[PDB]
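Student: Here it is, the structure, as structure tokens.
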Amino acid sequence: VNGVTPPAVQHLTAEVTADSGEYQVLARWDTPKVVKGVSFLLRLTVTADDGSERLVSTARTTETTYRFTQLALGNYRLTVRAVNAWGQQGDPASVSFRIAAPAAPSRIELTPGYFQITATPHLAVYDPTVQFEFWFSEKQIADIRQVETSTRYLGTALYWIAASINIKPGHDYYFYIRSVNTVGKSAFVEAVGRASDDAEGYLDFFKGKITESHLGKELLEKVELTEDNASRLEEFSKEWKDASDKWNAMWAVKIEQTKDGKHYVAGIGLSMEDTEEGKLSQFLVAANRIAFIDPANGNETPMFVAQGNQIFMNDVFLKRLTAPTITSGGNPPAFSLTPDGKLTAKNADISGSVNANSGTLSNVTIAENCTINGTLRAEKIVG
Amino acid sequence: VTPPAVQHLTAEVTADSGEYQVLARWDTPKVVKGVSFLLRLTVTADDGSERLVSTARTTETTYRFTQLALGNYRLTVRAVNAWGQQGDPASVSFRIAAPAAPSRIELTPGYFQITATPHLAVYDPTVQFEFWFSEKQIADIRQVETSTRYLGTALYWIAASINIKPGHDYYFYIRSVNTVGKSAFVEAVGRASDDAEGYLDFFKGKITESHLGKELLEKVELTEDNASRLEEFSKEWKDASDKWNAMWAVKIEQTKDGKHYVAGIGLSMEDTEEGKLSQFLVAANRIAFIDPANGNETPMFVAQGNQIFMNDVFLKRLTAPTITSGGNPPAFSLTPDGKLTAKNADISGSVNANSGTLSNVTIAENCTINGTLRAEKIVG
Amino acid sequence: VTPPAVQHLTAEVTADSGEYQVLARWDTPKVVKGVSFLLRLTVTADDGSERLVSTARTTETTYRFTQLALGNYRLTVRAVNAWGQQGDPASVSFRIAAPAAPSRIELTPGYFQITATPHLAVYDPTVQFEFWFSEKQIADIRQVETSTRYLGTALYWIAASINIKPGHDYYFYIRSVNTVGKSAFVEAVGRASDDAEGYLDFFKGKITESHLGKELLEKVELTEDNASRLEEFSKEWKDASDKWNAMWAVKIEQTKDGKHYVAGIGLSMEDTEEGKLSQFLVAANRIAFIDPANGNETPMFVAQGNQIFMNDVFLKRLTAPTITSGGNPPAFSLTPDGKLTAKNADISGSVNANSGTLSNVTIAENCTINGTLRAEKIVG
């Protein structure tokens, strides 16, 4: 025999890829004669900023190919050996590569809307060749790797405006944004967002949708009865193809009058019109006052009512409310809460604590420990 | 194993097929791959003793008893498995004999309405009531059924309709009605609450005194026990005062067990001093709003018996003489009379108050006093 | 040589036949040349011992003792050979008097039903239960069985009435029954389930299990791509229960890239096991109530899926397990745990508190520390 030491490899190549994200590297080369194998021992180290090394992996194969899987982006150096059956290590070779990626978006801002949400993201420094890729989600995803799968891919711009019928107010939505450009893709920056919440801020929105439809441009905005004094109490069902060449439907009762040189109308209409992506139903009732009742044993008082923007309910169990304003009624409100935060009360019992930044009383009475860690001042004392 | 208990037993009294019949229905907690049920119906003797009448062993969830005469009865069910392990029993006492005379009567006024409710000298849950309304006193009971208003037949009857106005003393003549028959009539002397307003009592009042009100109520046509009627129409007419009256309604009525049943939907504008005033009035026992996107089926808005359910909602200002969170102990709650109730409250500012009732205090800095201090055990 | 004790000694008491009795049953152990059962029944006297009552010798594995009185008893059985050498004894112990009425009663309030499940301290396997429901707590107890709807007699009840509607209390009168007697009565209180989203899937229960659902939803009428059908139909017709079912509806369906979109509302009045029920189903992707008053074009009530949006509103009570002012930092809130949030609390009255933590407090009158003052610094 001869324990001949294995002369080092040449034509050592590293190929960098990003198959499932989390970049890998495929190490490959060629060799002349081998004895009871002649192993290949590999080890791969990243140069830190200052020129010192992290150990990243090792590898004990026999063929002239290998792959390194969970990777971070860093300046990597891969060294390959050649040990023989006895275990006498040949001279090394080494190759160096990088994985340069765009800088993350440093802060992304998230102004609400009406059934919509804007992310406008910004980088720590200005970058001319950066454009961000946005993926939207409704549930905080576990880790910042499976976003490539479990989060819808919105699109890619300098910003995005997610509108739909499904971004619903007071349910937070997490935006996942990664910077992209010619050089690669960064990590995923996460952020939360909302919809505006503001109640009366939704009603104008709805008015706007309503108006731009079959029932808006039929039940109202219809210009018949051109003679003072009439009652064209009308009721039909029309379905037809549109300029988009899709079917649309409405069936209504339109009633309307002319008296004293002025017009009126009231209008129970039901439809389903097309949209770019699907069909939106709708059941729009315009009238000077709406109310319902349970007629049980002679009872005729409506269960609810509403008439030019004031709606009259007996008792409700709400899943959750959310008004900026509350009153006992009257003009000493027995209690109140206002858009500023003030909880106007009368007699305010609390089974728990009151972490208040301050007090402002007359007549106090503590039945156990009264601690003072500040500058206590007093006039007359008898205890 | 024993099959579980008997759930939802009932003690009812039918006379549909020409004579009296006692049905019951029983549903199973969890169903045990071959549940059987013994059920025992027995009578009370003149000495108040127990006599067996009918024992049925069946594997079905309902049964009927036919050719059953007058008297008081007791009905039990047990569950028996294949191996023969009779379970816990569930037993209800019922009666085939009735019409007692109502002992007291309860009267609650209201805006254009007045509640008459029965009180029977002994309770009996196999009974409903006929109500008759009179504007003039009827001395003899014979024309009480003939020369008055047929209010109807039900449980708790409130007087509220077009013929009812504040300030007149109305009368009630009511009796007990069942499968057996009806009793000696009883009277009461009662008055509507004129106008107390609530905040919808004005809207009821507005509603009653309208053409929709007259159409979709107090039209009591089609009165054939266990029959019914539908109409979808639009009757436009010119009124007394030389003006139009438009209207469109969908009205359904039925009659069953002597009692009158109805609902529907109206859209109308009448004539007021200014001119026309449009509408949509629904009356019914449950209304209910649905959104079928994705084939989701859960309402967002369900109202029955003057109450609402609603999922999430938003608002420009609540106006509300009381709130809770719900709970036998409600997590928080403002009272109409100004009291607040909470397990906690963390204010990021200043607590302007009159007084204090604090078992513990922990003031972190300066405490200015301009009055008198009284501290038992003092350190410093 | 010695025969063994009688095993599995089982006693059941009854007085149904006219007055009080005990059935004693057991299983014979293996003996020599025949066997006789000796039974000795004693009652616990005033002294804590047992006064001897009756003694019999028999030869059948079951026996009866008649015309005994009320008390806790020791019944001893022995196995005797032909020679008179009696085996080991087996003495059972079992109790008699008016059974003890539950110590408690627990209500898991279900969505539109109570589940009132009693319990005692010292458990007797051989007492049943009577249950009673009422809407009004009664002054006395002696007229409950004269003034209360009879739920009946089981181990636990679930109580239902169709009109049940959450979030009011209703009062309970339970008792233990057995062969001895109906116990003294017992009180309790309860309500129903409070949550709304629960009701709304509940009501979805009620919605879908109707011919309303079965026509509106559940039927997949139409097929080929770009299908659209609009129809107005009515029927009041015979069903299997010999009832008329009465329904007018509006319905639309459409097919776009295959997927099938329905919407449609309808008044109806179908039949229930108690009476005909008159119920609204509006369904659409979105319903708005909007007003025509003076070129009015803005809503006051927009229900888009699981949400509602509204304007200024007017309630009478509220039960809402969260209310927040909007904004990521809300002006105020109450999450369900009863924690309040705010920035001013001008309770112009007593803060009836359990803790305060007020960094820099002003007092301008009497401070009366019943506990421990504790001050780093004082300049008084």
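Numbers and lists here come from the model and the stated rules, or from a named source; these are not laboratory values. A quick note on method: Cβ atoms are made from the backbone with ideal geometry, for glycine too, and the neighbour counts reach across all protein chains shown.
Student: Given the conditions (1) within 30 Å of the chain's Cα centre (by Cα); (2) outside the structural domain of C:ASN245 (by TED's automatic domain parsing); (3) outside any loop (DSSP other than H, G, I, E, B), report the number of the one that C:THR322 does not fulfil.
Tutor: Tallying (1) within 30 Å of the chain's Cα centre (by Cα); (2) outside the structural domain of C:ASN245 (by TED's automatic domain parsing); (3) outside any loop (DSSP other than H, G, I, E, B), C:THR322 fails exactly one: (3).
Student: Exactly one of (1) assigned to a loop (DSSP other than H, G, I, E, B); (2) within 30 Å of B:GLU297 (Cβ to Cβ) is unmet by C:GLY198. Its number?
Tutor: Failed condition: (1).
Conditions tested, residue by residue: (1) without any contact (Cβ under 8 Å) to a residue 12 or more places away in the chain; (2) more than 7 Å from chain C (Cβ to nearest Cβ); (3) farther than 23 Å from A:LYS380 by Cβ.
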site	(1), (2), (3)
B:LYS316	yes, no, yes
B:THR322	no, no, yes
B:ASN328	yes, no, yes
B:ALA342	yes, no, yes
B:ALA353	yes, no, no
B:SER359	yes, no, yes
B:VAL379	yes, no, no
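Student: Which of the residues spanning the stretch A:229-254 are within 11 Å of A:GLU218 (Cα to Cα) and among the aliphatic types (A, V, I, L, M)?
Tutor: A:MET250, A:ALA252, A:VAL253
Student: Same structure, new question: Which count do you get for residues in the stretch C:286-299 that are surrounded by 24 or more Cβ atoms within 10 Å (Cβ to Cβ) and more than 7 Å from chain B (Cβ to nearest Cβ)? So that I can check it myself, show each step before the final result.
Tutor: Taking the stretch C:286-299 and keeping what is surrounded by 24 or more Cβ atoms within 10 Å (Cβ to Cβ), we get C:287-288, C:290, C:299.
Next cut, more than 7 Å from chain B (Cβ to nearest Cβ) only: C:288, C:290, C:299.
Looking only at that region, the number is 3.
Student: Of the numbered conditions (1) in the same structural domain as A:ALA93 (by TED's automatic domain parsing); (2) surrounded by 11 or more Cβ atoms within 10 Å (Cβ to Cβ), A:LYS36 satisfies every one except a single condition; which is it?
Tutor: Looking at each condition in turn, A:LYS36 falls short on (2).
Student: Mind checking which residues of the stretch A:214-269 are part of a loop (DSSP other than H, G, I, E, B) and of a type in the set (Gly, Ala, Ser)?
Tutor: Restricting attention to the stretch A:214-269, the residues satisfying the condition of being part of a loop (DSSP other than H, G, I, E, B) are A:214-233, A:242-246, A:260-261.
A:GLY216, A:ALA230, A:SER231, A:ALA243, A:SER244, A:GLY261 - these are the residues of the stretch A:214-269 that are part of a loop (DSSP other than H, G, I, E, B) and of a type in the set (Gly, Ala, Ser).
Student: May I pose another question? List every residue pair whose Cβ atoms lie under 6 Å apart, where the two residues are 6 or more positions apart in sequence or sit on different chains, the first residue falls within the stretch B:116-138 and is touching a residue at least 40 places away in the same chain (Cβ under 8 Å), and the second residue, located anywhere, is acidic (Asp, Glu).
Tutor: From residues that are touching a residue at least 40 places away in the same chain (Cβ under 8 Å), the pairs are B:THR117/B:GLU106.
Student: Kindly list the number of the only condition in (1) crowded, with 16+ Cβ neighbours inside 10 Å; (2) in a loop (DSSP other than H, G, I, E, B) that fails for A:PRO128.
Tutor: (1)
Student: Still on this structure, please answer the following. Name the strands (runs of 3 or more DSSP E) wholly inside the stretch A:1-116 in which the number of residues that are touching a strand residue (DSSP E or B) at 6+ places or on another chain (Cβ under 8 Å), touching a residue at least 24 places away in the same chain (Cβ under 8 Å) and closer than 24 Å to A:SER179 by Cβ is 1 or more. Please lay out each step first, then the result.
Tutor: Values: elements: A:10-17, A:24-30, A:40-47, A:53-61, A:65-68, A:75-80, A:93-97, A:105-109.
Once the strands (runs of 3 or more DSSP E) in the stretch A:1-116 are filtered for at least 1 residues that are touching a strand residue (DSSP E or B) at 6+ places or on another chain (Cβ under 8 Å), touching a residue at least 24 places away in the same chain (Cβ under 8 Å) and closer than 24 Å to A:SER179 by Cβ, what remains is A:10-17, A:24-30, A:40-47, A:75-80, A:93-97, A:105-109.
Student: What number of residues within the stretch B:13-56 satisfy the criterion of being touching a residue at least 60 places away in the same chain (Cβ under 8 Å) and surrounded by fewer than 16 Cβ atoms within 10 Å (Cβ to Cβ)?
Tutor: The number of residues fulfilling the criteria is 2.
Student: Those residues that are among the β-branched types (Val, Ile, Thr) and closer than 20 Å to B:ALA100 by Cα, I need them from the stretch B:119-167; list them, please.
Tutor: B:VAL122, B:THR126, B:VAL127, B:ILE141, B:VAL144, B:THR153
Student: Sticking with this structure for a sec: So A:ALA334 clears everything in (1) surrounded by 23 or more Cβ atoms within 10 Å (Cβ to Cβ); (2) over 22 Å from C:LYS377 (Cα atoms); (3) at the interface with chain B (Cβ under 7 Å from one of its Cβ atoms) except one condition, right? Which one?
Tutor: Of (1) surrounded by 23 or more Cβ atoms within 10 Å (Cβ to Cβ); (2) over 22 Å from C:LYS377 (Cα atoms); (3) at the interface with chain B (Cβ under 7 Å from one of its Cβ atoms), only one is false for A:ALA334: (1).
Student: From (1) at the interface with chain B (Cβ under 7 Å from one of its Cβ atoms); (2) surrounded by fewer than 20 Cβ atoms within 10 Å (Cβ to Cβ), pick out the condition that doesn't hold for A:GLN310.
Tutor: Just one mismatch for A:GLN310, condition (1).
Student: What's the number of the condition A:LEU321 fails, among (1) over 17 Å from C:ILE347 (Cα atoms); (2) in contact (Cβ under 8 Å) with a residue 12 or more places away in the chain; (3) surrounded by 17 or more Cβ atoms within 10 Å (Cβ to Cβ)?
Tutor: Unmet for A:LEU321, out of (1) over 17 Å from C:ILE347 (Cα atoms); (2) in contact (Cβ under 8 Å) with a residue 12 or more places away in the chain; (3) surrounded by 17 or more Cβ atoms within 10 Å (Cβ to Cβ): (2).
Student: Here is a follow-up. Give the residue that is nearest to B:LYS238 (Cα to Cα), with candidates limited to residues of the stretch A:237-280 that are at the interface with chain B (Cβ under 9 Å from one of its Cβ atoms) and aliphatic (A, V, I, L, M).
Tutor: Taking the stretch A:237-280 and keeping what is at the interface with chain B (Cβ under 9 Å from one of its Cβ atoms), we get A:253, A:255-257, A:259-260, A:262, A:264-268, A:278, A:280.
Right, trim to aliphatic (A, V, I, L, M) and you get A:253, A:255, A:265-266, A:268, A:280.
Values: A:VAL253: 19, A:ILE255: 15, A:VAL265: 17, A:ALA266: 18, A:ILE268: 22, A:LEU280: 39 Å.
Checking each candidate, the answer is A:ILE255.
Student: If only one of C:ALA139, C:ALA121, C:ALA184, C:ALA188 is assigned to a strand (DSSP E or B), surrounded by fewer than 17 Cβ atoms within 10 Å (Cβ to Cβ) and of a type outside the set (S, T, N, Q), which one is it? Spell out the reasoning first.
Tutor: On the way: C:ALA139 fails: assigned to a strand (DSSP E or B); C:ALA121 fails: assigned to a strand (DSSP E or B); C:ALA184 fails: assigned to a strand (DSSP E or B).
The match here is C:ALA188.
Each row is one residue, and each column tells you yes or no for (1) more than 7 Å from chain B (Cβ to nearest Cβ); (2) closer than 25 Å to B:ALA331 by Cα; (3) aliphatic (A, V, I, L, M).
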| site | (1), (2), (3) |
| --- | --- |
| A:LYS342 | yes, yes, no |
| A:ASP349 | no, yes, no |
| A:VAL354 | no, yes, yes |
| A:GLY359 | no, yes, no |
| A:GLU368 | no, no, no |
| A:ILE372 | no, no, yes |
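Student: A further question on this structure: Which one of these does B:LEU334 not meet: (1) at the interface with chain C (Cβ under 7 Å from one of its Cβ atoms); (2) more than 19 Å from B:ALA263 (Cβ to Cβ); (3) among the hydrophobic types (A, V, I, L, M, F, W, C)?
Tutor: Of the numbered conditions (1) at the interface with chain C (Cβ under 7 Å from one of its Cβ atoms); (2) more than 19 Å from B:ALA263 (Cβ to Cβ); (3) among the hydrophobic types (A, V, I, L, M, F, W, C), the odd one out for B:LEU334 is (1).
Student: If a residue has to be assigned to a loop (DSSP other than H, G, I, E, B) and either at the interface with chain C (Cβ under 7 Å from one of its Cβ atoms) or among the aliphatic types (A, V, I, L, M) (or both) to count, how many in the stretch B:305-314 make the cut?
Tutor: Going through the stretch B:305-314, the residues assigned to a loop (DSSP other than H, G, I, E, B) turn out to be B:305-307, B:313-314.
Filter once more, keeping what is either at the interface with chain C (Cβ under 7 Å from one of its Cβ atoms) or among the aliphatic types (A, V, I, L, M) (or both): B:305, B:307, B:313-314.
Residues flagged as assigned to a loop (DSSP other than H, G, I, E, B) and either at the interface with chain C (Cβ under 7 Å from one of its Cβ atoms) or among the aliphatic types (A, V, I, L, M) (or both) within the stretch B:305-314 amount to 4.
Student: Return yes when C:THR153 is at the interface with another protein chain (Cβ under 8 Å from one of its Cβ atoms), assigned to a strand (DSSP E or B), of a type outside the set (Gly, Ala, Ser) and farther than 30 Å from B:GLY295 by Cα and no when it is not. Show your work before the answer.
Tutor: Values: at the interface with another protein chain (Cβ under 8 Å from one of its Cβ atoms): yes; assigned to a strand (DSSP E or B): yes; of a type outside the set (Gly, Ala, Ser): yes; farther than 30 Å from B:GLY295 by Cα: yes.
Taking the combined requirement at face value, the residue satisfies it.
Student: In the stretch B:267-296, how many residues are assigned to a loop (DSSP other than H, G, I, E, B) and of a type in the set (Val, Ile, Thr)?
Tutor: Step one: of the stretch B:267-296, the residues assigned to a loop (DSSP other than H, G, I, E, B) are B:268-269, B:272-275, B:278-279, B:284-285, B:291-292, B:296.
Pick out the ones that are also of a type in the set (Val, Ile, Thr) and you get B:272.
Final tally of qualifying residues: 1.
Student: Which is farther than 26 Å from C:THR319 by Cα, among the polar types (S, T, N, Q) and assigned to a strand (DSSP E or B), of B:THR255, B:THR341? Walk me through how you get there before you give the answer.
Tutor: Details: B:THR341 fails: farther than 26 Å from C:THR319 by Cα.
Just a single option satisfies the conditions, and that option is B:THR255.
Student: Give the residues of the stretch B:260-285 that are surrounded by fewer than 22 Cβ atoms within 10 Å (Cβ to Cβ), free of Cβ contacts under 8 Å to residues at least 40 places away in the same chain and more than 7 Å from chain A (Cβ to nearest Cβ), sorted by residue number. Break it down into steps so the answer makes sense when it comes.
Tutor: At the first step, the residues of the stretch B:260-285 found to be surrounded by fewer than 22 Cβ atoms within 10 Å (Cβ to Cβ) are B:260, B:270-275, B:277.
Next, only the ones that are free of Cβ contacts under 8 Å to residues at least 40 places away in the same chain stay: B:271-275, B:277.
Result: B:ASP271, B:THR272, B:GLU273, B:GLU274.
Student: Which of the residues belonging to the stretch B:64-75 are at negative phi, out of contact with any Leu (no Cβ under 7 Å at 6 or more places or on another chain) and not basic (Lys, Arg)? Steps first, answer last, please.
Tutor: We begin by selecting, within the stretch B:64-75, every residue at negative phi; these are B:64-66, B:68-70, B:72-75.
Now restrict to residues that are out of contact with any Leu (no Cβ under 7 Å at 6 or more places or on another chain): B:66, B:68-70, B:72, B:74.
Result: B:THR66, B:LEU68, B:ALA69, B:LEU70, B:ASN72.
Student: Go through the stretch A:149-176 residue by residue and tally those that are farther than 16 Å from A:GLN116 by Cα and either within 14 Å of chain C (Cβ to nearest Cβ) or surrounded by 16 or more Cβ atoms within 10 Å (Cβ to Cβ) (or both).
Tutor: Residues flagged as farther than 16 Å from A:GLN116 by Cα and either within 14 Å of chain C (Cβ to nearest Cβ) or surrounded by 16 or more Cβ atoms within 10 Å (Cβ to Cβ) (or both) within the stretch A:149-176 amount to 2.
Student: Return the only residue of A:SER137, A:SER179 being touching a helix residue (DSSP H, G or I) at 6+ places or on another chain (Cβ under 9 Å), among the polar types (S, T, N, Q) and surrounded by 14 or more Cβ atoms within 10 Å (Cβ to Cβ).
Tutor: On the way: A:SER179 fails: touching a helix residue (DSSP H, G or I) at 6+ places or on another chain (Cβ under 9 Å).
Sole residue among the options that is touching a helix residue (DSSP H, G or I) at 6+ places or on another chain (Cβ under 9 Å), among the polar types (S, T, N, Q) and surrounded by 14 or more Cβ atoms within 10 Å (Cβ to Cβ): A:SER137.
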